[PDB]
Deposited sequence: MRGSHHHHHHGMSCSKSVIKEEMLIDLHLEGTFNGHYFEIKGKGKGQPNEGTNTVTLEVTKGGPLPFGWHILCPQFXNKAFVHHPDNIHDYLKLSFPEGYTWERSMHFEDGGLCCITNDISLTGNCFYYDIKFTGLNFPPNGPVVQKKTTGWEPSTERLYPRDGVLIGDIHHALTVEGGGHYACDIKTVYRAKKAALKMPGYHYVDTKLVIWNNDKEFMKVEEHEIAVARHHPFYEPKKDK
């Protein structure tokens, strides 16, 4: 297909957090069938950010998920046209993020047009206080509805001094052109880590590994 074993990534993010505007540019490269990708980000406006980097990490494309042959790959099949996703993240202390990405492809490069709004984060929370230290690995549960895919994750940031900061993530993925088939109820396991950052997190390199699977007790 148009999905190659190695593909490039060009990212743009415009965001507001507790009313503070910022922009981030990035570029990267991934291995869609291997389920891996690495991106490098640079804050281009509104930096250094007045909140912890890590809530941004999942915003910086589940086309980079390894799919076994018996799970239809809705997102890879959305190309060349592409797809959009829309995400809410409700945090245990009332913080809420609402994020969208419009993903396009030109040549062998994905283009991400990301819009981020973070709101109602308390001033003494781990995000504003920059106390988040990364994400645990996660397992997203996905199911088809109305020709789109809905994924929900019970996820958590790790916090300095040990401990977790829990979040409920919902993502809806919409192929720009009608899918001809849909996967069933399934999961994606993901692990995202920061490889590199400057002290101020103005420049960050991060890596994601992701694999789709059925539940271990699944039956067709």
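- In sequence order, the deposited residues that have no C-alpha coordinates form the ranges 1-16, 77, 238-241.
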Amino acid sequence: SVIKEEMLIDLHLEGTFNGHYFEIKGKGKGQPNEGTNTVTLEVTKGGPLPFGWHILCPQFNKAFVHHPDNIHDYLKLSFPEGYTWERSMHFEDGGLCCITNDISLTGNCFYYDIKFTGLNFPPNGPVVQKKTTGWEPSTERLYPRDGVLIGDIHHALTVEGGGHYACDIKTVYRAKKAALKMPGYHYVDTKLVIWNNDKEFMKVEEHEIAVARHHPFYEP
From here on, numbers count along this sequence of modelled residues.
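- Mean C-alpha B-factor is higher over 174-182 than over the other stretch, the pair under comparison being 174-182 and 187-195.
- In this PDB entry, the Cα temperature factor of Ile55 sits in the top third of its chain's modelled residues, the highest group.
- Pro126: CA B factor lies in the lowest third for its chain, per the PDB record.
- When all modelled residues of the chain are sorted by CA temperature factor, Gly161 is found within the highest third.
- Annotation for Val148: C-alpha temperature factor in the lowest third relative to the rest of the modelled chain, per the entry.
- Looking at the C-alpha B-factors along this chain, the one for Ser104 belongs to the middle third.
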